[PDB]
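All chains are named by letter (A, B, ...) in the order of the sequence lines, taking the proteins before the strands, and each is independently numbered beginning at 1.
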Amino acid sequence: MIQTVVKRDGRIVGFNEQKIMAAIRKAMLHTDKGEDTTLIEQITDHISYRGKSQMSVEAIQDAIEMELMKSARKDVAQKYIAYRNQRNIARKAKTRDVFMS
Amino acid sequence: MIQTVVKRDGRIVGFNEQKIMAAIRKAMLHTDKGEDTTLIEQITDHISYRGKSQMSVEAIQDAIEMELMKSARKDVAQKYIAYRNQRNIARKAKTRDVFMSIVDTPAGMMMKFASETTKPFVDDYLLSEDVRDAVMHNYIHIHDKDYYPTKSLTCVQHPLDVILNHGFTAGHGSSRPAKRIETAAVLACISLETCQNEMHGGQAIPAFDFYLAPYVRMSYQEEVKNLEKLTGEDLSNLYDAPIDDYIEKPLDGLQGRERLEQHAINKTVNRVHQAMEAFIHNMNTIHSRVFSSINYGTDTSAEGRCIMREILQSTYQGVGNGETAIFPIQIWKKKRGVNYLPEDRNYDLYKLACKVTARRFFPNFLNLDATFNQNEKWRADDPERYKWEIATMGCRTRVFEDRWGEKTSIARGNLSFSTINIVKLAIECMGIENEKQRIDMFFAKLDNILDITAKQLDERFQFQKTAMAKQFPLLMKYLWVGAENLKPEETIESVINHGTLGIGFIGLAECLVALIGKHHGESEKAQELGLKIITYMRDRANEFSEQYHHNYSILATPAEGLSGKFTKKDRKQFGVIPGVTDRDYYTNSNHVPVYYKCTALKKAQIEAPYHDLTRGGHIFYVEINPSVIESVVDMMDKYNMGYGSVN
Ligand SMILES: Nc1ncnc2c1ncn2[C@H]1C[C@H](O)[C@@H](COP(=O)(O)OP(=O)(O)OP(=O)(O)O)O1
Ligand SMILES: Nc1ncnc2c1ncn2[C@H]1C[C@H](O)[C@@H](COP(=O)(O)OP(=O)(O)OP(=O)(O)O)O1
Ligand SMILES: Nc1ncnc2c1ncn2[C@H]1C[C@H](O)[C@@H](COP(=O)(O)OP(=O)(O)OP(=O)(O)O)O1
Ligand SMILES: Nc1ncnc2c1ncn2[C@H]1C[C@H](O)[C@@H](COP(=O)(O)OP(=O)(O)OP(=O)(O)O)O1
Ligand SMILES: Nc1ncnc2c1ncn2[C@H]1C[C@H](O)[C@@H](COP(=O)(O)OP(=O)(O)OP(=O)(O)O)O1
Ligand SMILES: [Mg+2]
């Protein structure tokens with residue numbers, strides 16, 4: 001398993017194992033079917049190996065993608081790669097560089 | 001196979017296999033490794049055999065993505081499901097407002113962008129942990145949260161004389177003093193609309209009579225000079241000639257030196273008349289293009305009456321082709337000894353004011369003799385009485401008392417205010433059945449929420465200070481108490497304390513229903529609790545004022561930005577309850593609910609004590625001949641009513 005996560009800004013924090021179950025649960029609400037908790041738990045637990053004890057948030061969100069594209073719920077998969085792309089364009093704004101000015 | 005595809009617009013075309021192929025090719029050509037026809041052929045053949053006779057573009061793309069997922073090359077789908085979505089958003093922005101969902105005139109759209117960008121950053125990086133926790137669960141509301149990074153203040157009361165007397169210089173713009181009526185209202189408007197950019201609230205001009213009063217004499221003198229330039233006479237004693245009132249009557253029926261003294265007054269009255277309608281039109285158009293307020297009604301000279309009559313006539317007529325102007329907001333001052341009783345000097349102006357208010361809904365009325373507005377320095381002989389007369393704003397705000405300064409409302413303002421949700425606490429405590437324990441729990445929680453609100457207000461204050469003078473070119477050089485002593489680059493920490501902090505409340509009747517079967521306006525026992533809770537809040541406000549070295553007051557919020565922001569989030573969490581979360585309003589601070597049939601007398605009786613208790617702001621709103629408003633004003637005088645707005 002893993003403990004260290006290096007967020008986008010550059011800080012280091014500890015693994016929580018519960019946030020993932022929120023991200024892979026909010027998407028399934030906008031999908032015409034609220035998937036049973038069994039798949040949430042299975043996918044969450046399947047991120048135990050394949051780690052390195054330190055992985056960036058980009059890696060942990062670019063790996064959960066290639067796990068809903070297999071679990072017979074691609075309906076959820078379609079409405080997960082769209083939201084991420086939406087929010088990766090807003091982050092390019094030079095906004096947090098003005099407040100801290 | 002597939003033979004007909006229905007385009008998005010609606011056309012029907014034939015199935016061409018060379019278009020499902022180039023699309024995947026372009027998707028593949030940006031994914032490091034870029035493959036050849038080996039998989040393209042498989043995907044296209046699979047699609048074009050399992051389908052129906054006729055298909056749509058969206059269905060075909062669904063099939064493309066579904067097959068591109070169930071493959072070995074999954075790096076080509078993640079560049080498909082993104083480009084398609086970007087194109088959807090682009091083609092949806094030709095008739096809708098997609099750019100707002102992610103986060104009509106151009107200026108309004110830009111302001112919406114800025115507000116939405118600013119709000120979450122403040123909600124995260126600036127507040128503290130306890131305050132943030134309180135805000136998240138719908139316990140309080142911070143008014144005007146989007147201007148937090150700009151160390152901004154709410155409102156002020158303009159000392160309009162300091163600019164008319166001398167010249168004012170802002171940026172590269174400079175202006176000399178005034179020398180007639182037309183060049184005075186224009187400067188008043190300039191200074192009234194120049195300070196909006198420096199503040200996030202309303203604007204007010206107190207003593208609308210005295211400040212412009214010296215400027216009805218100058219035009220008279222100039223007209224006399226012009227009427228004695230040609231005639232060769234020496235009308236040198238007409239300058240400071242005492243006058244009774246600047247009334248105008250026809251001219252034919254005299255001759256000689258008594259004919260060239262009624263004409264001058266006529267031209268002067270017309271000159272003063274045009275200017276006031278120009279003022280009203282300017283302030284009315286600026287809004288659509290800016291809250292404003294003007295106070296008058298306690299000047300017993302000859303020029304003040306002229307100004308009052310001119311403004312009243314212009315407002316009564318209307319604007320344009322007879323429409324009712326929305327701004328400026330006009331407020332009429334009533335005192336017992338100046339304009340109330342039949343023997344008083346300004347009875348006629350009062351009657352005219354009632355006549356106009358019976359139609360165009362302005363001016364409002366402010367009791368200048370209430371038990372909590374009286375001042376012990378108002379001298380009827382001083383030429384500077386206005387310094388000791390309370391003034392109010394269109395937002396229902398009051399700034400009179402002071403623990404470290406004089407008791408005036410000139411050159412002072414408000415700095416922030418936050419409202420507190422009270423219905424939620426009562427609903428939450430509704431669980432237990434025993435009556436006494438419910439009240440005990442209510443009082444137990446109210447104290448903690450009040451402490452959190454006070455801490456938030458103080459932190460806001462601590463942040464607002466540290467603002468350099470140059471950030472506010474006009475407010476901190478001519479229109480604040482300590483100006484004329486501050487260098488361009490000095491902080492404003494030495495003058496900020498001459499301000500006020502408000503704690504508002506909303507929806508008391510619902511809070512009563514959650515602890516008894518009737519609200520304040522239906523059962524005698526009900527009001528004994530509303531009075532008690534308001535009293536508790538006032539006492540805690542006094543304690544906080546003593547603790548933190550600031551000024552704190554209780555407030556009835558104007559209900560302009562927070563009308564349903566609380567009830568919706570409360571129905572969802574707790575669900576429908578009869579008469580508490582079933583109307584989509586939450587009633588105002590302490591009024592009687594609009595859906596309960598009640599008369600003026602009973603409402604006034606139940607409301608006046610709260611007016612006494614809420615120093616930071618209060619109202620008494622009643623919805624309906626000039627004799628009708630007289631009953632309202634008399635009702636205000638009979639009890640300790642402060643600010644009425646019947647219209
Ligand atoms: N401790 C963690 N370990 C691994 N991945 C994490 C962790 N915390 C968050 N993530 C990743 C995967 C989760 O699906 C997703 C949760 O939200 P996240 O992207 O961290 O939000 P955020 O940091 O942009 O915002 P917020 O401050 O609102 O939580 O982020
Ligand atoms: N309603 C939803 N629909 C689709 N995806 C969702 C939804 N709610 C959450 N998600 C996804 C998006 C992210 O992967 C994760 C939630 O993190 P979120 O804060 O929304 O994204 P983010 O890390 O891109 O944020 P930001 O860039 O704003 O800090 O779950
Ligand atoms: N002739 C066609 N036969 C089958 N599918 C088609 C055809 N034309 C378009 N499609 C479907 C499948 C393609 O994956 C998807 C994208 O087509 P594309 O040519 O990019 O858009 P379009 O035909 O609406 O017009 P445009 O030239 O503006 O792109 O549309
Ligand atoms: N640069 C690209 N990166 C990834 N995939 C792409 C790219 N360009 C095209 N594609 C793929 C995904 C698109 O759904 C498909 C059709 O492209 P295109 O004809 O430009 O779009 P479209 O017909 O949906 O848009 P439009 O609204 O302009 O008609 O080709
Ligand atoms: N709309 C306006 N906005 C700003 N400044 C204005 C505006 N209109 C006029 N001014 C200037 C002109 C003068 O500088 C000052 C008003 O002075 P005023 O009393 O009208 O006459 P004056 O001093 O120019 O007259 P004189 O020519 O007799 O010297 O404001
Ligand atoms: Mg005219």
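Around atom CZ of A:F99, more than 12 heavy atoms belonging to other residues, nucleotides or ligands sit under 6.0 Å away. Under a cut-off of 6.0 angstrom, the local environment of CE in B:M468 is sparse, with at most 12 non-hydrogen atoms contributed by other residues, nucleotides or ligands. More than 12 heavy atoms of other shown residues, nucleotides or ligands fall within 6.0 angstrom of atom CE in B:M136. Heavy atoms of other residues, nucleotides or ligands lying less than 6.0 angstrom from CE of B:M111 number 12 at most.
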What are the sub-3.5 Å donor-acceptor pairs between chain A and chain B, distances to 0.1 Å?
unit_1, atom_1, unit_2, atom_2, d
A:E65, OE1, B:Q78, NE2, 2.7
A:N85, OD1, B:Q86, NE2, 3.4
A:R87, NH2, B:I102, O, 3.3

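Looking at B:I89, the atoms closer than 4.5 Å to chain A (heavy atoms on both sides) all sit in the side chain, from C-beta outward.
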